[PDB]
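Now for the letters of each chain:
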Amino acid sequence: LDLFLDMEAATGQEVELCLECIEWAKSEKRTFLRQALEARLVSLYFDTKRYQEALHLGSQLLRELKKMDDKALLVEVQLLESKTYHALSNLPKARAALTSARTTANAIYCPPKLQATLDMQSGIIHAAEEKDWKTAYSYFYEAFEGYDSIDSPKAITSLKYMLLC
Amino acid sequence: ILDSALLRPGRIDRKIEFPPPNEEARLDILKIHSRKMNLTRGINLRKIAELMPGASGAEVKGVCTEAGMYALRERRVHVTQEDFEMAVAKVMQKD
Amino acid sequence: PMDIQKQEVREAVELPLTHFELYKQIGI
Amino acid sequence: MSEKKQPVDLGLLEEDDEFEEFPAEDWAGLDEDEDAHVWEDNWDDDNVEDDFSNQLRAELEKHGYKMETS
Amino acid sequence: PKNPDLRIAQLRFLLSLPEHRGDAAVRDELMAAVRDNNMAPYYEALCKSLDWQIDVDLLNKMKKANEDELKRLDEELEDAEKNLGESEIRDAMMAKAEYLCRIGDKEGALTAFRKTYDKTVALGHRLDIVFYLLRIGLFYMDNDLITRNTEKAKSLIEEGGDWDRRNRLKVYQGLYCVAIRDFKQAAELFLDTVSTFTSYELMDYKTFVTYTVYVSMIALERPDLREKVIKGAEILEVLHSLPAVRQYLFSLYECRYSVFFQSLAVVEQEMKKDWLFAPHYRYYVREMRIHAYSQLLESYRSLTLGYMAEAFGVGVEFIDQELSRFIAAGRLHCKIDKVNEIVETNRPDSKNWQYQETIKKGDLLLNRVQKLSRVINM
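Structure determination for this PDB entry is given in the record as cryo-EM, at a resolution of 6.1 Å.

1. Focus: the overall build of chain E
In terms of helices and strands, chain E carries 21 helices and two strands. Taking the principal axes of the C-alpha coordinates as reference, chain E spans close to 85 × 65 × 45 Å. A burial count over chain E gives 40% of its 378 residues as buried. Taking as baseline every contact in chain E between residues at least 6 positions apart, the subset at least 24 positions apart corresponds to 58%. Accessible surface for chain E amounts to roughly 23300 Å². Of this, 56% is attributable to carbon and sulfur atoms. Across chain E, the centroid of the 55 positively charged side chains sits 5 Å from that of the 60 negatively charged ones.

2. Considering the overall build of chain B
Counting secondary structure elements, chain B contains six helices and zero strands. Counting from the amino terminus, chain B carries its helices and strands in the arrangement α-α-α-α-α-α. Relative to a compact globule of 95 residues, whose C-alpha radius of gyration would be 12 Å, chain B shows 17 Å and is clearly more extended. With respect to the principal axes defined by its C-alpha atoms, chain B has extents near 55 × 25 × 20 Å. Across the 95 residues in chain B, those meeting the buried criterion constitute 26%. By sequence separation, contacts in chain B at least 24 residues apart represent 64% of the contacts at least 6 residues apart. With the model as given, the accessible surface of chain B reaches about 7000 Å², and the carbon-plus-sulfur share is 56%. When the 17 positive and 14 negative side-chain charges of chain B are each reduced to one mean point, those points stand 6 Å apart.

3. Brief notes about the interface of chain D and chain E
Contact residues are listed per partner, giving 22 residues for chain D and 24 residues for chain E. Taken together, the two surfaces of chain D and chain E that pack against each other cover about 2300 Å², and 51% of this comes from carbon and sulfur. Remark: the boundary between chain D and chain E carries one salt bridge. Taken together, chain D and chain E are joined by 10 residue pairs in polar contact. No other element matches the seven residues that helix α4 (residues 41-52) of chain D contributes to the side of chain D that touches chain E.

4. Observations regarding the interface of chain A and chain E
By a frequent convention, interface size equals the accessible area lost on bringing the separate parts together. Taken residue by residue, the interface counts five residues in chain A and four residues in chain E. Carbon and sulfur atoms make up 55% of the surface buried where chain A meets chain E, a total of about 450 Å² over both sides. When residues of chain A are sorted by the area they lose upon contact with chain E, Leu88, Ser89 and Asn90 of chain A head the list and together hold 70% of the total. Here chain A and chain E share zero salt bridges between them. The tally of links between chain A and chain E comes to one residue pair in polar contact.

5. Let's talk about the UniProt feature "domain: PCI" in chain E
Summarizing the sequence annotation, UniProt attributes the feature "domain: PCI" to residues 182-350 of chain E in the numbering used throughout. Taken end to end, residues 182-350 of chain E comprises 56% helix and 4% strand; its first and last C-alpha atoms sit 27 Å apart.

6. Re unusual backbone geometry
All names here are of chain E. At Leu156, a position not held by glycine, the phi torsion is positive, near 60°. We classify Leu156 as exposed; its relative accessible area is 69%. Residues other than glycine seldom take positive phi values, yet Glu341 does so here, at roughly 55°. On the secondary structure map, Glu341 appears in the loop between α19 (316-330) and β2 (342-344). When its relative accessible area of 54% is taken as the criterion, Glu341 is described as exposed.

7. A word on a negative patch on the surface
Residues and elements named next belong to chain D. On the surface, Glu14, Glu15, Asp16, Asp17, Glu18, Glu20, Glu21, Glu25 and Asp26 cluster together into a negatively charged patch. Looking at the negative patch, the elements that each hand over two or more residues are α1 (5-18) and α2 (22-26). Checked against the element boundaries, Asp16 lands in helix α1.

8. Examining the packing of aromatic side chains
Residue and element names in this part refer to chain E. According to the stated counting rule, one finds 17 aromatic pairs over all chains in the structure shown. For the pair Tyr257 and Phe261, a centre-to-centre distance of 5.4 Å together with 45° between the ring planes defines the contact as tilted. Placement of the pair is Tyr257 and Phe261 together in helix α15 (residues 257-262), with a separation of four residues, close to one helical turn. Residue class for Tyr257 comes out buried when judged on its relative accessible area of 4%. Between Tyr293 and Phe312 the ring centres are 5.5 Å apart and the planes differ by 85°, which places this aromatic pair in the edge-to-face class. With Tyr293 in helix α17 (residues 281-298) and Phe312 in helix α18 (residues 305-312), this pair connects stretches of sequence that are 19 residues apart. Each member of the pair, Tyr293 as well as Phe312, carries the same accessibility label: buried. In this structure an aromatic cluster arises from ring pairing among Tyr257, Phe260, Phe261, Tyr293, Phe312 and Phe326. Geometry around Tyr253 places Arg222 over its ring, the cationic atom sitting 4.2 Å from the centre. Above the plane of the ring of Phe318 lies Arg325, whose end atom (NZ or CZ) is 6.0 Å from the centre.

Definitions and cut-offs
- Residues numbered from 1 in each chain as written, not as in the entry; some residues may be left out.
- Chains lettered and ligands numbered in written order.
- Part of a larger assembly, values for the part shown.
- Heavy atoms only, no water.
- Helix = DSSP H or I, 4+ residues; strand = E, 2+ residues; numbered from the N terminus.
- Buried < 20%, exposed > 50% of the residue type's maximum accessible area, 1.4 Å probe, protein only.
- Contact = heavy atoms within 4.5 Å.
- Areas by Shrake-Rupley, 256 points an atom, 1.4 Å probe, with all protein chains shown as cover.
- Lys, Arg positive; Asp, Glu negative; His and termini not counted.
- Charge placed at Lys NZ, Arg CZ, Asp CG, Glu CD.
- Rg over C-alpha atoms; globule rule 2.2 N^0.38 Å.
- Buried area = accessible area lost by both parts, 1.4 Å probe.
- Salt bridge = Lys/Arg side-chain N within 4 Å of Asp/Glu carboxyl O.
- Polar contact = N/O pair within 3.5 Å; in protein donor to acceptor, adjacent residues only side chain to side chain.
- UniProt positions renumbered as here; feature names shortened; annotations may be inferred.
- Patch = residues over 30% accessible without salt bridge, like charges linked within 9 Å, V, L, I, M, F, W, Y side chains within 5 Å.
- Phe/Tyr/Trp six-rings, centres within 6.5 Å; stacked < 30°, edge-to-face > 60°.
- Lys NZ or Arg CZ within 6 Å of the ring centre and 35° of its normal.

Shown next as structure tokens:
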């Protein structure tokens with residue numbers, strides 16, 4: 001799915017094919033499979049800038065993820081929830097979902113792909129109101145330490161964010 | 001009450017027995033102790049009142065007052081019958 | 001001029017503290 | 001004295017006898033949209049309303065055609 | 001009532017006056033007439049409807065189903081009576097009053113909501129009955145009947161503001177405050193939009209935002225918008241639904257009349273053909289025009305006709321009579337002169353006029369203490 005979506009070709013049938021994968025996963029009674037398929041499909045709507053069914057379907061995903069196990073999976077949908085509330089320019093709910101992702105991922109050692117994105121988005125949330133540039137500069141500094149030597153675009157945009165803030 | 005009954009041999013005293021609240025005595029006290037807080041329109045007071053046995057009417061107050069904290073924790077507008085069932089498991093566990 | 005008193009004091013103490021008028025809107 | 005109000009009230013009875021509940025209902029057709037509304041603003045809204053009742057009532061739909069012609 | 005028959009029967013205004021849009025309103029009105037016992041409403045509004053060929057077909061079935069469900073609610077009311085209970089009789093008489101609100105008859109619903117209004121064990125259910133009179137008072141567009149039960153039910157709450165009860169009452173305050181032209185006190189009502197939700201009973205959330213964007217967009221100045229809505233994230237969330245509102249907010253706040261006047265025709269046509277928002281269409285237009293002219297004319301002392309004509313995108317012959325009518329009629333600034341064919345104002349409204357704002361209360365207070373002299377000896 002990731003190697004099929006990273007090609008960026010024929011994006012019209014990609015969402016319908018993902019809906020057929022969710023339908024098949026529900027036909028074979030695989031909860032985690034369709035939860036991951038919706039966790040990536042909400043990112044597809046995030047790239048498509050369709051914030052209605054991404055926030056609605058993402059909320060319906062939160063209703064079945066907050067009760068179940070695997071709290072580490074909630075960090076992706078609450079992080080992307082802060083990304084779509086920041087895309088809709090909503091500071092209080094992005095801070096609430098951010099804090100929920102912090103108190104949820106505080107005990108679980110997250111990989112640097114997701115751990116550094118929390119501080120990377122946190123620096124943009126704090127830098128949106130222009131409260132204090134020192135703390136946000138610390139969030140972008142730790143984010144640059146997390147994205148170091150793992151991805152060239154993420155590193156050049158990490159130093160771009162450092163020079164920005 | 002045994003010593004008092006030895007000092008009060010029913011000469012001048014109104015003897016009204018105080019029994020544990022019955023089923024209807026749980027529906028009406030459930031309504032008096034349910035109007036004070038939120039309540040959904042799709043709840044059946046019959047079964048949820050029949051599922052609150054034990055000591056006395058303060059157990060229903062344990063379900064309500066010990067259910068509003070789960071309404072706060074769950075962050076919902078109203079309280080559902082499943083939350084009241086959870087409070088039933090809580091106060092019944094405490095019993 | 002633990003976790004029982006940390007959870008109990010937690011939810012019973014700090015949760016009402018960090019929000020206003022909850023005493024009014026929790027069924028006092 | 002307050003006794004001179006009687007013939008004036010008789011004139012009001014003649015004005016009320018001219019039309020029997022005709023201006024109350026006919027004017028009530030607009031009063032039902034004017035009831036409970038501040039009558040101080042109804043002098044300006046009725047001033048410009050009656051002023052534009054003859055011609056160029058809205059005139060906002062015509063500006064789109066008046067942009068290229070003027 | 002709270003059923004969709006309130007909105008379907010509420011489209012009768014655009015069904016009545018214009019003959020172009022009177023096709024879809026009678027389409028979903030006739031199609032929805034078999035729902036919520038719509039017999040009596042469209043039978044009363046039958047003069048604004050089609051002929052009697054197909055009209056008399058369903059009346060025989062609706063008039064007997066009305067009596068069937070009515071006598072079933074009467075038999076259920078008699079079964080609930082003569083028995084120990086309070087909420088059962090409230091639900092029987094209240095359900096009968098809800099069906100009488102479905103048929104659209106406020107006589108038996110008036111005495112019914114009067115009986116169950118007298119059987120209110122608590123004040124919360126009493127306010128619920130009040131709201132049950134407000135949901136039909138919106139269709140009946142009454143003035144005092146909906147303010148009496150809210151004036152009496154307003155005081156002595158003592159149970160705190162609920163999530164949807166007090167918020168719903170605030171929504172009603174937005175309704176009757178949109179009906180009236182009161183704006184400076186209605187600008188505080190929609191501040192609780194964080195807790196608002198899709199209410200199919202009276203007005204959808206997108207219709208509540210679409211209705212409050214007029215009182216907020218016109219009834220507020222630039223500091224009021226920057227403090228309330230521009231700082232708030234609510235309009236930042238709901239601007240993505242329709243791209244027009246973002247244009248009418250960023251173009252008005254940006255002072256770009258060339259696109260605001262080209263796109264203002266949508267506000268003109270959309271402003272009318274509404275249930276409660278149509279008869280006030282004359283005030284929003286003039287008030288918004290004088291508000292924009294005071295906005296641009298505030299920071300500008302002198303103004304040539306070239307930059308003004310190019311800025312507004314209209315001929316000078318129209319702004320001539322515009323400002324000519326807004327000197328005396330509008331009363332926005334000092335006298336205007338055309339000795340050089342240039343809009344040139346002075347506005348000495350701060351130094352001496354700031355002290356002269358109290359001379360009106362000095363003269364009215366002078367006549368009031370003359371009245372105080374009239375109270376002497378009698």
